[PDB]
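The structure file start-v5.cif is reproduced below (mmCIF, C-alpha atoms).
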data_query
loop_
_atom_site.group_PDB
_atom_site.id
_atom_site.type_symbol
_atom_site.label_atom_id
_atom_site.label_comp_id
_atom_site.auth_asym_id
_atom_site.auth_seq_id
_atom_site.Cartn_x
_atom_site.Cartn_y
_atom_site.Cartn_z
ATOM 1 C CA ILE A 257 -42.465 -22.831 112.359
ATOM 2 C CA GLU A 258 -41.011 -26.208 113.265
ATOM 3 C CA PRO A 259 -37.516 -27.677 113.617
ATOM 4 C CA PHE A 260 -36.616 -29.360 110.330
ATOM 5 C CA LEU A 261 -34.852 -32.004 112.316
ATOM 6 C CA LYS A 262 -32.002 -34.256 111.251
ATOM 7 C CA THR A 263 -34.073 -37.459 111.413
ATOM 8 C CA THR A 264 -37.217 -35.852 109.980
ATOM 9 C CA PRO A 265 -36.784 -36.170 106.187
ATOM 10 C CA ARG A 266 -37.732 -39.729 105.310
ATOM 11 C CA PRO A 267 -36.200 -41.305 102.204
ATOM 12 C CA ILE A 268 -38.267 -40.218 99.239
ATOM 13 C CA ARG A 269 -40.086 -43.285 97.972
ATOM 14 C CA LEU A 270 -39.650 -43.863 94.278
ATOM 15 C CA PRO A 271 -42.815 -44.916 92.437
ATOM 16 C CA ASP A 272 -43.426 -48.615 91.903
ATOM 17 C CA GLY A 273 -44.829 -50.317 88.849
ATOM 18 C CA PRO A 274 -43.334 -51.800 85.686
ATOM 19 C CA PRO A 275 -39.610 -51.373 84.998
ATOM 20 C CA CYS A 276 -38.300 -48.151 83.505
ATOM 21 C CA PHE A 277 -37.674 -48.317 79.751
ATOM 22 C CA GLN A 278 -35.371 -46.351 77.473
ATOM 23 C CA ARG A 279 -36.756 -43.694 75.136
ATOM 24 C CA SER A 280 -33.646 -42.076 73.680
ATOM 25 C CA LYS A 281 -33.711 -41.258 70.001
ATOM 26 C CA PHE A 282 -30.484 -43.211 69.587
ATOM 27 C CA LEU A 283 -28.902 -45.772 71.854
ATOM 28 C CA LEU A 284 -25.847 -44.673 73.681
ATOM 29 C CA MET A 285 -23.576 -47.434 75.018
ATOM 30 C CA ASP A 286 -24.281 -50.385 72.755
ATOM 31 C CA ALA A 287 -23.939 -48.561 69.438
ATOM 32 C CA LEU A 288 -20.867 -48.861 67.246
ATOM 33 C CA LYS A 289 -19.502 -47.027 64.229
ATOM 34 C CA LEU A 290 -18.272 -48.301 60.885
ATOM 35 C CA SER A 291 -15.249 -46.110 60.265
ATOM 36 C CA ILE A 292 -14.236 -44.702 56.881
ATOM 37 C CA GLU A 293 -10.472 -45.181 57.484
ATOM 38 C CA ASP A 294 -9.266 -41.613 57.129
ATOM 39 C CA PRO A 295 -10.126 -40.138 53.702
ATOM 40 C CA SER A 296 -8.306 -37.259 52.070
ATOM 41 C CA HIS A 297 -8.675 -33.610 53.020
ATOM 42 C CA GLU A 298 -9.921 -32.136 49.722
ATOM 43 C CA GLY A 299 -12.605 -34.709 48.976
ATOM 44 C CA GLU A 300 -15.937 -33.477 50.223
ATOM 45 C CA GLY A 301 -18.722 -36.019 50.454
ATOM 46 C CA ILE A 302 -22.461 -35.985 50.166
ATOM 47 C CA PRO A 303 -23.065 -38.051 53.298
ATOM 48 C CA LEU A 304 -24.830 -41.011 51.702
ATOM 49 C CA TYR A 305 -21.717 -41.988 49.791
ATOM 50 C CA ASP A 306 -19.496 -41.851 52.863
ATOM 51 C CA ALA A 307 -22.021 -44.006 54.693
ATOM 52 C CA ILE B 257 29.572 -59.793 -7.273
ATOM 53 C CA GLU B 258 31.683 -56.988 -5.853
ATOM 54 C CA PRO B 259 33.642 -56.393 -2.642
ATOM 55 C CA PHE B 260 31.398 -54.495 -0.234
ATOM 56 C CA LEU B 261 34.433 -52.620 0.913
ATOM 57 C CA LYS B 262 35.047 -50.922 4.240
ATOM 58 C CA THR B 263 35.121 -47.398 2.772
ATOM 59 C CA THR B 264 32.290 -48.047 0.305
ATOM 60 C CA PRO B 265 29.113 -47.288 2.304
ATOM 61 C CA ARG B 266 28.753 -43.520 2.325
ATOM 62 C CA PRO B 267 26.885 -41.888 5.212
ATOM 63 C CA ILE B 268 23.199 -42.053 4.420
ATOM 64 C CA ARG B 269 22.052 -38.510 3.749
ATOM 65 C CA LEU B 270 19.021 -37.516 5.748
ATOM 66 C CA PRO B 271 16.404 -35.535 3.813
ATOM 67 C CA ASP B 272 16.511 -31.755 4.017
ATOM 68 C CA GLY B 273 13.611 -29.363 4.259
ATOM 69 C CA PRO B 274 11.658 -27.804 7.123
ATOM 70 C CA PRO B 275 12.350 -28.940 10.694
ATOM 71 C CA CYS B 276 10.789 -32.121 12.025
ATOM 72 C CA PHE B 277 7.685 -31.556 14.161
ATOM 73 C CA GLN B 278 6.070 -33.633 16.888
ATOM 74 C CA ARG B 279 2.858 -35.552 16.224
ATOM 75 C CA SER B 280 2.366 -37.589 19.389
ATOM 76 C CA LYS B 281 -1.149 -37.831 20.732
ATOM 77 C CA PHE B 282 0.128 -36.601 24.085
ATOM 78 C CA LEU B 283 3.328 -34.807 24.942
ATOM 79 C CA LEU B 284 5.882 -36.806 26.778
ATOM 80 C CA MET B 285 8.551 -34.836 28.666
ATOM 81 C CA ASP B 286 6.902 -31.507 29.391
ATOM 82 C CA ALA B 287 3.644 -32.862 30.804
ATOM 83 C CA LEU B 288 2.897 -32.935 34.515
ATOM 84 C CA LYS B 289 0.294 -34.570 36.723
ATOM 85 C CA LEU B 290 -1.968 -33.129 39.393
ATOM 86 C CA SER B 291 -1.870 -35.819 42.053
ATOM 87 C CA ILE B 292 -4.843 -36.914 44.157
ATOM 88 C CA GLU B 293 -2.776 -37.369 47.364
ATOM 89 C CA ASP B 294 -3.428 -41.026 48.080
ATOM 90 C CA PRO B 295 -7.161 -41.764 48.508
ATOM 91 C CA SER B 296 -8.578 -44.706 50.404
ATOM 92 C CA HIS B 297 -8.670 -48.282 49.155
ATOM 93 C CA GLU B 298 -12.431 -48.952 49.182
ATOM 94 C CA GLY B 299 -13.546 -45.770 47.447
ATOM 95 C CA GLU B 300 -13.952 -46.403 43.756
ATOM 96 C CA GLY B 301 -14.234 -43.370 41.524
ATOM 97 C CA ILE B 302 -15.911 -42.536 38.274
ATOM 98 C CA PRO B 303 -12.865 -40.863 36.736
ATOM 99 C CA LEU B 304 -14.313 -37.387 36.233
ATOM 100 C CA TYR B 305 -14.642 -36.856 39.963
ATOM 101 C CA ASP B 306 -11.070 -37.922 40.674
ATOM 102 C CA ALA B 307 -9.900 -35.550 37.957
#
Written as structure tokens, that's how I'd like the structure from this file.
Amino acid sequence: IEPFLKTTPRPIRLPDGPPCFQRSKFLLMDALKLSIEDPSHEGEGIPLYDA
Amino acid sequence: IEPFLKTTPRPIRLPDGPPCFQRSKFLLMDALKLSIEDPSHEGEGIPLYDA
């Protein structure tokens, strides 16, 4: 055994190399949405036509 | 000539026979309308689907 001392754990070094790049299937902050402006309640829609 | 006197013109006699019957292409007082409840302004509709 050893004393897992206060000053012992060094800061974990992150890898270095090229910059990290996004891989999400859909962007998250920069996206925006073209509203429909509140259709009726009985009118169902096959989604293409609403789009 | 003759004097078209005040008392001369008898009341025109309407014909007599069976009762008069409607022939309009669409009834007029008794009809009613199933509303759509105010759709949007951009959504055009081929009329069957609105009906």
Exercise for the section: Check every residue of chain B for an atom within 10 Å of chain A, counting only C-alpha atoms, and provide those that qualify as number ranges by chain. Expected result: B: 292-299, 305-306
Handout entry: Gap from CA of residue 282 in chain B to CA of residue 303 in chain B - Å, one decimal
Key = 18.6 Å
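Put simply, CA of residue 302 in chain A is 22.1 Å away from CA of residue 291 in chain B.
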Once you add 4 Å to each side, what are the centre and edge lengths of the axis-aligned box holding all listed atoms of range 282-299 of chain A? One decimal in Å, as JSON, if you can.
{"center_x": -19.4, "center_y": -41.3, "center_z": 62.0, "size_x": 30.2, "size_y": 26.2, "size_z": 34.0}
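Straight-line separation from CA of residue 307 in chain A to CA of residue 285 in chain A: 20.7 Å.
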